[PDB]
Amino acid sequence: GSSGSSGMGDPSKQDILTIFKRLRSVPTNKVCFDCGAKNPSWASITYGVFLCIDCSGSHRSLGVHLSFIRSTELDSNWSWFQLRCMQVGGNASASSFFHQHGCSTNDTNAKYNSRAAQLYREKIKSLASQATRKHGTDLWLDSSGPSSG
Ligand SMILES: [Zn+2]
């Protein structure tokens, strides 16, 4: 129940592109984890997966609370914590994670509304910290250049 202070600057386009350039590279990430559409702009931070304008729509219906959707080419006002969620997840990660439990469900309003799915989301939040906390904003990867102030 901690509101959370605000003493840091949001990630710029470049930085955001750097976090997506690494995830996109992957063949299982550059394809809508749902159908497999290549260059899946749409991305779901909740499950840190890649979706396509087609599928992404379904998620939006569920409710930003159930599955938040954010583009990569347009949406630039991303949150450090979020961005990571994508790196600390991946498509395959879920493709298996789910089965491991035994979802045996395809439906979007069900497969995602199932326990197996939930477990994932939470997990993403945790890991996201490992990367986020790391040198706070300073892109763990390397020193991009801290702006005076
Ligand atoms: Zn799709």
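Along every chain, residue numbers run from 1 in sequence order, not necessarily as the entry numbers them; residues that have no coordinates are omitted. No hydrogens and no water enter the side-chain calculation; it runs on all heavy atoms of the structure.

Method of determination, as annotated in the archive: solution NMR.

## Observations regarding the packing of helix α3 (residues 80-87) against helix α6 (residues 115-133)
Axis lines are fitted through C-alpha atoms, for helices just across the contact stretch, and the angle between N-to-C directions can take any value from 0 to 180 degrees. Numbered from the N terminus, helices here are DSSP runs of H or I no shorter than four residues, and strands are runs of E no shorter than two. Packing of α3 against α6 leaves a shortest axis separation of 8 Å and a crossing angle of 110°. By the criterion of interaxial angle, the relationship of α3 to α6 is roughly perpendicular. Contacts from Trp 80, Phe 81, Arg 84 and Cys 85 of α3 reach α6 at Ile 124, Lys 125, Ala 128, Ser 129, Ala 131 and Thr 132. Within the contact of α3 with α6, the residues separate by chemical class into 6 nonpolar, 2 polar and 2 charged. Angles are sorted into four bins: roughly parallel if under 35 degrees, roughly antiparallel if over 145, roughly perpendicular if 65 to 115, and oblique for all others. Contacts were defined at the residue level, with two residues in contact if any of their heavy atoms lie within 4.5 Å. For this classification, the nonpolar set comprises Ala, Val, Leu, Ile, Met, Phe, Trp, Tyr, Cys and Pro, the charged set comprises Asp, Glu, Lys and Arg, and every other residue, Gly included, is treated as polar.

## Comments concerning the packing of aromatic side chains
Between rings of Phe, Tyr and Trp, where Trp is taken as its six-membered ring, a pair exists when centres lie within 6.5 Å; planes separated by under 30 degrees are stacked, by over 60 edge-to-face, and by other angles tilted. Inspection of the entire model under this criterion finds 8 aromatic pairs. Pairing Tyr 47 with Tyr 120 gives two aromatic rings, centres 5.9 Å apart and planes at 25°, and the pair type is stacked. Of the two residues, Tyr 47 sits in the loop between β1 (43-44) and β2 (49-50) while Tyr 120 sits in helix α6, which places them 73 residues apart along the sequence. Like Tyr 47, the residue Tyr 120 is buried in the burial classification. Connected via pairs of aromatic rings, a cluster forms that spans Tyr 47, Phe 97, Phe 98, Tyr 112 and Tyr 120. The aromatic ring of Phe 98 is capped on one face by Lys 111, whose charged end is 4.2 Å from the ring centroid. Buried means the residue's accessible area, taken with a 1.4 Å probe over protein chains only, is under 20% of the maximum for its type, while exposed means over 50%, and partly exposed covers the values in between. Placement of a positive charge over a ring is assigned whenever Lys NZ or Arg CZ falls within 6 Å of the ring centre and within 35 degrees of the normal to the ring plane.

## Structural notes on the coordination of the zinc ion
Here the zinc ion is held by the protein donor atoms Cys 32 (SG), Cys 35 (SG), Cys 52 (SG) and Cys 55 (SG), which lie 2.3 Å from it. Listed donor atoms are N, O and S within 2.8 Å of the metal (Na, K and Ca: 3.2 Å). As water is not included, a site may look incomplete. Each label reflects the angles at the metal, where four donors whose angles all fall between 85 and 135 degrees are tetrahedral, four or six donors whose opposite pairs open beyond 155 degrees and whose other angles stay between 65 and 115 are square planar or octahedral respectively, and the rest are irregular. Note that the zinc ion binds 4 donor atoms; their angles at the metal cover 102 to 119°, and the shape is tetrahedral. Between the donor residues of the zinc ion, the gaps in sequence give the motif C-x2-C-x16-C-x2-C. Here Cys 52 lies in the loop between β2 and α2 (53-62) and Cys 35 lies in the loop between α1 (13-25) and β1, a separation of 17 residues in the sequence. Judged by relative accessible area, which is 52%, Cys 35 ranks as exposed. Residue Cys 52 is classed as buried on the basis of its relative accessible area of 10%.

## Let's talk about the nonpolar core
What we call a nonpolar core is a set of buried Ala, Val, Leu, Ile, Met, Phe, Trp, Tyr and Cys residues that are connected through their side-chain atoms within 4.5 Å. Counting residues in each nonpolar core, the largest one holds 34 residues, and the members touching the most others are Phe 20, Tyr 47, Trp 78, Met 86 and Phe 98. Among the secondary structure elements, those contributing two or more residues to this core are α1, β2, α2, α3, α4 (91-101) and α6. At 6 residues, the largest contribution of residues to this core is made by α6. The contact partners of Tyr 47, leaving out residues within four places of it in the chain, are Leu 66, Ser 67, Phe 98, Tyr 112, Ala 117, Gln 118, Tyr 120, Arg 121 and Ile 124.

## Quick look at the UniProt feature "domain: Arf-GAP" in the protein
UniProt positions are given in the numbering used here, feature names are shortened, and annotations may be inferred rather than shown by experiment. Residues annotated by UniProt as "domain: Arf-GAP" correspond here to residues 17-133. Secondary structure across residues 17-133 comprises 52% helix and 5% strand; the distance between its end C-alpha atoms is 19 Å.

## What to know about the packing of α4 against α6
Two numbers describe how α4 lies on α6: the axes approach to 9 Å, and their chain directions differ by 135°. Taken together, α4 and α6 sit at an angle that is classed as oblique. Our pair here, α4 against α6, has a crossing hand that is right-handed. Contacts from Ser 93, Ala 94, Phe 97, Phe 98 and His 101 in α4 reach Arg 115, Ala 116, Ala 117, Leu 119, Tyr 120 and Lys 123 in α6. Two helices crossing with the near one rotated counterclockwise from the far one by less than a right angle form a left-handed crossing, whereas a clockwise rotation gives a right-handed crossing.

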